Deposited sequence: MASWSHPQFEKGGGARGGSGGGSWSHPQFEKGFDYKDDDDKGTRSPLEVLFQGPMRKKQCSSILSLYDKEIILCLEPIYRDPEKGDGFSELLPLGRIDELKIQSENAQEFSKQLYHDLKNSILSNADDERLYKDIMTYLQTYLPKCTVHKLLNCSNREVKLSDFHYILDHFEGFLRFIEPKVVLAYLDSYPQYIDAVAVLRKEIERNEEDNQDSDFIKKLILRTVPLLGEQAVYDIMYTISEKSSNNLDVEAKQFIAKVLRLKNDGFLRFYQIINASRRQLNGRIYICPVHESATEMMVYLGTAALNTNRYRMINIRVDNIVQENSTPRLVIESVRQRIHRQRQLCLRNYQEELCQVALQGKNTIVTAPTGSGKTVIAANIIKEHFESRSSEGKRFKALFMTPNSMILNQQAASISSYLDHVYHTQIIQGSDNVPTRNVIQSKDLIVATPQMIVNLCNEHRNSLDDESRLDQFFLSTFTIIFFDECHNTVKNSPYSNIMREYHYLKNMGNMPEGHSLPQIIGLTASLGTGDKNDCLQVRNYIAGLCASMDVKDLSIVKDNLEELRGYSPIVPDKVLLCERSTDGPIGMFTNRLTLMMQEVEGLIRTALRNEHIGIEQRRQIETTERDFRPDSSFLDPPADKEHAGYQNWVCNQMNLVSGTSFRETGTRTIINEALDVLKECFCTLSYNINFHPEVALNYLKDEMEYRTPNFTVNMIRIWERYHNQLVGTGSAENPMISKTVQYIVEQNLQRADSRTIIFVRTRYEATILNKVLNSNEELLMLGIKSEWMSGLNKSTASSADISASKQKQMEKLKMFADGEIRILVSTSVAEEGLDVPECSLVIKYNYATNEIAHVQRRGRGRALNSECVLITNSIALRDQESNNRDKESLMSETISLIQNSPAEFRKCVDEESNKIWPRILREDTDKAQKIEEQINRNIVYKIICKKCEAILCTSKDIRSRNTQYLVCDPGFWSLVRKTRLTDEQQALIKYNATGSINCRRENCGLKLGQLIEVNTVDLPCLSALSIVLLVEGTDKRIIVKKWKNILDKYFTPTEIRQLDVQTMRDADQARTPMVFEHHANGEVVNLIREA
C-alpha cells in the first residue's frame, strides 16, 4: 500500500462526494494513486450499501496501460479481478466485462460497444449499455475535442442520461477527469480561456473542479519547479557551412533552370515561380503544390512529366538536406544526400548523373565544420556529467530522421566517447507517417531501449513527443529541446519530465520563430495560471449555456442522415470505367474491373501486371518503366502466393474521354465517390499462372 499525501487526499475529498469532478495536477504528482484510492472508496461504499460495483480505467496510450493496471492492482491489494483489453488480445469483451468488476480497455473499444448494434443486419447480439460501469475514469481528458473517441463516449453517456433506456434501476455513472492541463487552445484573454474550459468540462458533464487550495506548499515540495532556460545560437553565413549553403543554392538555381527549360519544351506559359528563400517551408509547399498540379494535369510528352516529377523529388530531398545542414553540421546532410542519391541513381538520366557527380565532388572538396548548437549541447552534457555521474539527458527533435541524425552526431563525438557515453533514437510506434521505411518502431525494441536507458547504458535520449505522455520514462537530469516546439500541454509535460533532483530545462535553437513560440507558450501558461486563480477566487461560475445547449444530440444525427442521403444521391453515378495509370509515368497499370478487395486490402488481378512490374526481392512493388522508381504498393500473399496490392497514393485515376486527371489521397474517397471493387473469388489461379514464367 501507498500512503496518501495531503494534496492527494484533498483532491480525493472533492471527488468523494459522488459528483463528476475534474482533477488538474502536475505530471508525476500521483494521479494513478488518486484514481486507485477513488476506485477503492467507491467500491467500498457500493459494497457497504449492498449494490453492484464496476470500475473502468481508460488511457490514450497503450504503453502506459500495463503500468497503470499494475499500479491499480497493487494499490487495491489484488482483491478485485483486473483484466487488460488491447488490440492484440482476442478475448471477448462483453463476457470479461460481465464476469469481472474491474475492466481496463482502450477507449475505442468502449466507442465500438453500445454502437456496433446500429447499421447492422438482422440477430444484433442484443445491446450494451454505457451505464454498466458504476465509475469511469478519463485519463488525459484534454483531448476530448471535435470527434475524438472520448467525445464519442461522452455522446454515449448523454444517450444513456437523456433517452429512457435505463434497465430496472440503473444509475448514472460517475466519471473522474484527470489531466495535466486543460489546454489554452487559441484564446487570448482570460474570459475566453475560462469559457473554453467550462465548455470542455460541460462536454464531460463536470461541474466541480478539483484544485488544491491549502496544500500548495506540499505539492511544490514534492514537485519542485524547473526553470526553462532559453539559449539562442547565431547563424553563420560564412565558413564551410556558408560554402555548403551557397553550393546548395547553386543546385537550387540549376534545378529551377532545368525545370524552366523543360516547361519551355512543353510550350506551357499555371505554374508558380519558386520563392526566393530556399530554406523556409514555403519552398517545400510550392514544390508539393506543383507536384499536385502536375499529377492533376496532362502533358503532351510522356517523358516531360517524369522529368518534372524527378526534379520535384530532388528539390524536396535537397530542401530536407538544407534543413539538416541548418540544424546540424554539413557532414550528416552530405551523407544523407549521398545515400539518397545513390539509392535513386538507377532511375536517372545521364545529364542529371553528371550534375550530381560534379556537385558531390564540389561538396567533398568543401570540407567540414561544426555547428555552435552541437558544441553547446556537448558542453552542457559534459557539465552535467561533471555535476553527477548518473546524469541522464533527454533530447526532443522534430522528425525521426532528425532523431537519427542527432543520435549519429552525438555518438560520433570522441569527447563523450572518452567517458563512455552513448545515445539512442527513441521514436513513436506509429507506422503511418510517410517516413516509416527507415523506422522499425517495434514494441519489443522500444521496451528494450527503455530498459537500457533505465539500466544506465544509454544516457542521451533523442526522443520525439511520444515520450512526453503515456511512456514510462525514468527520471531525467537534463531536458533539451533541439529546435522543437509544440503546444502548451506538450511543453508542460516536457518540463515535468525532469523528475531528477536539480533538473534543468534548456532550449537550444538558431531561429527567432522558435524563441517567439517559446515566449507564446510561456504567456499561455501564465494566462492559464491567472485564469485558474480567478476561478478559485470566484466560486460562482454561473456557466450553464453549453450544458443546456448540449440538448442538440439528436439534431446532429438528423443532419447526419440528411447529408448521408445527399452523399448517396451524389454517389448514384456509376457504370463508368477508369483508366488507372502510374502516377509518375503514363503507363496502363490495369483497368477498373481488375481490382478486387478481400476484406480491406485492395488487390489487382491483372494478368499483365507482372510484365509491367519489377517485383524486387521484404517485398515491394515497383514500376518497371525507366526513370520511374515509384513504389506502387506492397506485395502480400493470402493463398500462400504473393499478389500485388495497389496503393492510392501512387496511382492516378483517369476518366475515359475527357482528359480529367483525378488525385486520390485515401481509399475511402475513391470508394465512396468513384467506384467500388467487387468481392474476391478464386482469382488467385490466373494470377499465379502468370506470376511465374
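The deposited chain is incompletely modelled, with C-alpha atoms absent over 1 to 343, 466 to 467, 615 to 632, 981 to 993, 1070 to 1091.
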